[PDB]
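So you can see what is in the structure, the chains are spelled out below.
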Amino acid sequence: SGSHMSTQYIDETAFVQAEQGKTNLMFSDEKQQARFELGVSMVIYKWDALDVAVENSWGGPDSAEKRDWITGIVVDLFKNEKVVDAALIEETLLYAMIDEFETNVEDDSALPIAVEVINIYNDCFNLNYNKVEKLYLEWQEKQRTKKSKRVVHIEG
């Protein structure tokens, strides 16, 4: 665009880290830890390269079940490291779907998805839960009728 405007993320380079000595990004509260796994799950569902891989069946008939593991390995970064950023999540999204769809994807579609995973941690930190709550409702229509729209893309 000819001028700066608001967007779906901070700057696609945001990250999150432990408070001071937590040694992990996993929360001290059961509500913050559980809502974080739900929020990361909804971010893998807005990813285009995954959505077309299960619809065109680039892999086995279990393609609708493989998408449940792509969110699990992303949450696994938060329980094994004291910091995670949108940069090491990007390669984890790519390599995980390459191992189940052989897409070799290079469309950069994982960049806005990787930073969306970072936003879930900050939404669980202020107990506002605004992002995990809304995506859970907007997701129900994506599976009951396979509804989709191109407005998920950046404003350019």
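It should be noted that the structure appears before, not after, this text.
Residues numbered from 1 in each chain as written, not as in the entry; some residues may be left out. Heavy atoms only, no water.

1. Overview of the packing of aromatic side chains
Logical step 1: Summed over all chains, the structure comprises four aromatic pairs.
Logical step 2: An angle of 10° between the planes, with centres 6.4 Å apart, marks the rings of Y136 and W139 as stacked.
Logical step 3: A relative accessible area of 37% places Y136 in the partly exposed class.
Logical step 4: Relative accessible area serves as the criterion here: at 25%, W139 is assigned to the partly exposed category.
Logical step 5: Aromatic ring contacts, followed pair by pair, group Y45, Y136 and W139 into a single cluster. (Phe/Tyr/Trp six-rings, centres within 6.5 Å; stacked < 30°, edge-to-face > 60°. Buried < 20%, exposed > 50% of the residue type's maximum accessible area, 1.4 Å probe, protein only.)

2. Comments concerning helix α2 (residues 48-55)
Logical step 1: Listing the buried residues of α2 in full gives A49, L50, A53 and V54. With its buried residues spanning 125° around the axis, α2 presents them on a single face.
Logical step 2: Packed against the buried residues of α2 are α1 (30-44), α3 (63-70) and α5 (86-101).
Logical step 3: Remark: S57 follows α2 within two positions and exhibits a positive phi of approximately 55°. (Helix = DSSP H or I, 4+ residues; strand = E, 2+ residues; numbered from the N terminus. Arc of directions from axis to C-beta. Contact = heavy atoms within 4.5 Å.)

3. Notes on the packing of α5 against helix α6 (residues 111-123)
Logical step 1: Here α5 crosses α6 at 120°, and the two axes come no closer than 8 Å. Judged by the angle between their axes, α5 and α6 are oblique. Here the hand of the crossing between α5 and α6 comes out right-handed. The residues of α6 that touch α5, namely those facing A86, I89, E90 and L93, are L111, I113, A114, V115, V117 and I118.
Logical step 2: Its residues placed into classes, the contact of α5 with α6 shows nine nonpolar, no polar and one charged. (Axes fitted to C-alpha atoms, helices over the stretch in contact; angles between N-to-C directions. Parallel < 35°, antiparallel > 145°, perpendicular 65-115°, else oblique. Left-handed = near helix turned anticlockwise from the far one by under 90°. Nonpolar A, V, L, I, M, F, W, Y, C, P; charged D, E, K, R; others polar.)

4. A look at the nonpolar core
Logical step 1: Core analysis: the largest hydrophobic core is formed by 40 residues, its most contacted members being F36, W47, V74, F78, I89, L93 and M97.
Logical step 2: Of all the elements in the fold, those that place two or more residues in this core are α1, α2, α4 (72-75), α5 and α6. (Core = buried A, V, L, I, M, F, W, Y, C linked by side-chain atoms within 4.5 Å.)

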